[PDB]
Amino acid sequence: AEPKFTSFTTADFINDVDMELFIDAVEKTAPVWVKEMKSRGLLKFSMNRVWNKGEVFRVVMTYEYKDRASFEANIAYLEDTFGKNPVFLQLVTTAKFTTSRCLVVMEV
Amino acid sequence: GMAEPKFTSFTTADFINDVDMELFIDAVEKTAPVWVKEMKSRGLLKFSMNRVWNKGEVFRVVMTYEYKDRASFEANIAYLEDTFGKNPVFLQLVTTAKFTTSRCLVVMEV
Ligand SMILES: CCCCCCC(=O)CCCCCCCCC(=O)O
Ligand SMILES: CCCCCCC(=O)CCCCCCCCC(=O)O
């Protein structure tokens with residue numbers, strides 16, 4: 001009946017200082033936003049530092065949801081908490097973010 | 001995070017049309033009994049293929065390879081270049097697709 005959903009968000013930063021501020025902020029606050037996202041059916045999150053694209057400061061973040069309802073619930077949470085929050089938005093003002101939303105086709 | 005971090009690669013595969021993309025998904029699914037066993041024996045923890053639906057009119061999957069560590073990643077690249085590189089065949093399939101890979105270290109996971 002129910003496909004799984006996974007999102008890949010690539011965050012690109014001007015320099016190391018900016019990326020390190022983001023990473024530290026994400027890690028430090030995880031105890032709150034992870035609890036909330038898991039209560040809504042996030043299965044797993046990961047942050048991944050890109051190493052094969054030269055001198056860039058780039059992470060890929062992965063969000064693995066149980067199903068559509070979890071995906072939708074977690075989008076609403078992230079909008080409310082971060083996307084619509086001008087103080088957070090200012091924290092990453094010169095960063096570029098781009099997300100690919102996916103249906104899981106095959107996993108082994 | 002870890003002294004010996006996990007490694008993860010994300011390959012994005014783009015196709016000209018739906019036919020070409022499903023021919024690829026099917027190929028990857030059908031040959032899995034060979035390659036999955038081989039990669040896991042070299043430290044692949046997990047593989048996934050993911051259809052991207054939010055980029056409008058594109059035909060595109062993201063493939064994720066989750067490795068135990070740097071050595072496992074390296075053994076797996078070795079295996080793949082040995083195998084699919086020097087068994088083409090595979091080369092002709094991937095010939096109309098465009099592939100781009102982002103290779104990473106895991107900073108945090110939960
Ligand atoms: C204080 C800020 C640190 C906390 C940030 C937590 C976090 O998960 C980053 C928000 C990025 C939003 C983009 C993700 C898109 C989600 C999706 O499409 O599934
Ligand atoms: C065309 C079918 C033959 C077998 C293909 C097996 C498969 O897993 C797809 C390989 C696509 C190339 C991606 C290799 C990247 C691995 C990495 O960087 O970690």
Side-chain angles (χ1 to χ4, degrees), chain A residues 5-11 21-34 36-37 40-42 45-47 51-52 59-65 70-83 85 87-92 95 97-102 106 108, chain B residues 7-13 23-36 38-39 42-44 47-49 52-54 61-67 72-80 83 85 87-88 91-92 94-95 97 99-104 108 110:
Chain A
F5 282 67
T6 302
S7 301
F8 302 100
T9 302
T10 299
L21 182 52
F22 177 75
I23 292 176
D24 291 350
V26 177
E27 280 185 346
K28 190 68 169 71
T29 58
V32 170
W33 63 258
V34 173
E36 291 293 344
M37 290 193 82
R40 291 161 177 83
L42 175 87
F45 164 98
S46 72
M47 174 169 31
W51 58 260
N52 73 318
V59 302
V60 173
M61 285 164 301
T62 68
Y63 309 81
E64 288 176 50
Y65 304 112
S70 308
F71 162 67
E72 182 182 66
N74 273 301
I75 289 330
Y77 171 80
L78 288 170
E79 284 173 352
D80 297 343
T81 313
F82 302 106
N85 187 303
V87 174
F88 169 77
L89 260 25
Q90 183 64 35
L91 197 74
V92 291
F97 292 80
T98 183
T99 302
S100 284
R101 300 186 174 170
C102 304
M106 184 194 150
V108 216
Chain B
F7 268 51
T8 300
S9 298
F10 305 94
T11 297
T12 299
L23 281 159
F24 186 82
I25 280 108
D26 191 49
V28 167
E29 289 171 334
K30 285 186 179 158
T31 62
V34 178
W35 61 261
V36 181
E38 293 291 347
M39 294 188 84
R42 294 170 170 80
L44 187 72
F47 169 89
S48 73
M49 177 156 53
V52 174
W53 53 262
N54 75 316
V61 297
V62 174
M63 295 185 287
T64 71
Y65 298 87
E66 283 169 53
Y67 309 103
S72 302
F73 157 76
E74 289 176 7
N76 273 294
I77 295 327
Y79 163 74
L80 289 173
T83 301
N87 286 118
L91 289 178
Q92 181 64 285
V94 305
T95 224
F99 294 87
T100 52
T101 304
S102 283
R103 305 187 158 86
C104 306
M108 204 229 84
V110 65

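Keep in mind that the numbers below use all heavy atoms, side chains included, and drop hydrogens, waters and symmetry copies. Proteins get letters first, then strands, A, B, ... in listed order; numbering begins at 1 in each. In each ligand, atom 1 is the first atom listed, and ligand 1 is the first ligand listed.
Of the residues listed (B:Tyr65, B:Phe73, B:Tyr79), the one engaging B:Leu44 in a side chain to side chain contact (heavy atoms under 4.5 Å, CB included) is B:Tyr65, and it is the only one.
Counting heavy atoms under 4.0 Å from ligand 1, residue A:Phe88 touches it through the side chain alone. Only the side chain of B:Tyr67 comes within 4.0 Å of ligand 2, counting heavy atoms alone; its backbone N, CA, C and O stay farther away. Residue-level proximity to ligand 2 for B:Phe24 is absent, since no heavy atom of it falls below 4.0 angstrom. Looking at A:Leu78 against ligand 1, only its side chain comes within 4.0 Å, counting heavy atoms. The side chain of B:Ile77, and not its backbone, has at least one atom closer than 4.0 Å to an atom of ligand 2 (non-hydrogen atoms only; side chain from C-beta on). Residue contacts with ligand 1 for A:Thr9 involve side-chain atoms from C-beta outward but no N, CA, C or O (heavy atoms, distance under 4.0 Å). Contacts of B:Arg103 with ligand 2, taken as heavy-atom pairs under 4.0 Å, involve the side chain alone.
Near B:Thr101, with a cut-off below 4.0 Å to any heavy atom, the atoms of ligand 2 are 18 (O). Near B:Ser9, with a cut-off below 4.0 Å to any heavy atom, the atoms of ligand 2 are 17 (C), 18 (O), 19 (O). The distance from ligand 1 to the heavy atoms of A:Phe82 drops below 4.0 Å at these ligand atoms: 2 (C), 4 (C), 5 (C), 6 (C). Ligand-side atoms of ligand 1 in range of A:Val26: 3 (C), 5 (C), range being under 4.0 angstrom from any heavy atom.
No side-chain heavy atom of B:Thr83 sits under 4.5 Å from any side-chain heavy atom of B:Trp35. Between A:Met37 and A:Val34 the shortest side-chain heavy-atom distance does not fall below 4.5 Å. Residues A:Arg101 and A:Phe5 have side chains not in contact (no heavy-atom distance under 4.5 Å, counting atoms from C-beta outward). Between A:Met106 and B:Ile25, every side-chain heavy-atom pair lies at or beyond the 4.5 Å cut-off. Within the 4.5 Å cutoff, the side chain of A:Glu72 has no heavy atoms near those of the A:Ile75 side chain.
In terms of protein heavy-atom proximity, atom 12 (C) of ligand 1 is nearest to A:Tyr63 OH, 4.3 Å.
With sequence neighbours excluded, no residue forms a side-chain hydrogen bond (donor to acceptor under 3.5 Å, both in side chains) with B:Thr12.
If you check each of B:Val94, A:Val108, B:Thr31 against atom 3 (C) of ligand 2, the one with the closest non-hydrogen atom is B:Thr31.
Residue A:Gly83 comes nearest to A:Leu89 through the heavy atom pair O-CD2, 3.3 Å, listed as atom of the first residue, atom of the second, then distance. Contact record, B:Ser48 with B:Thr64: OG-OG1, 2.7 Å, taken as the closest heavy-atom pair.
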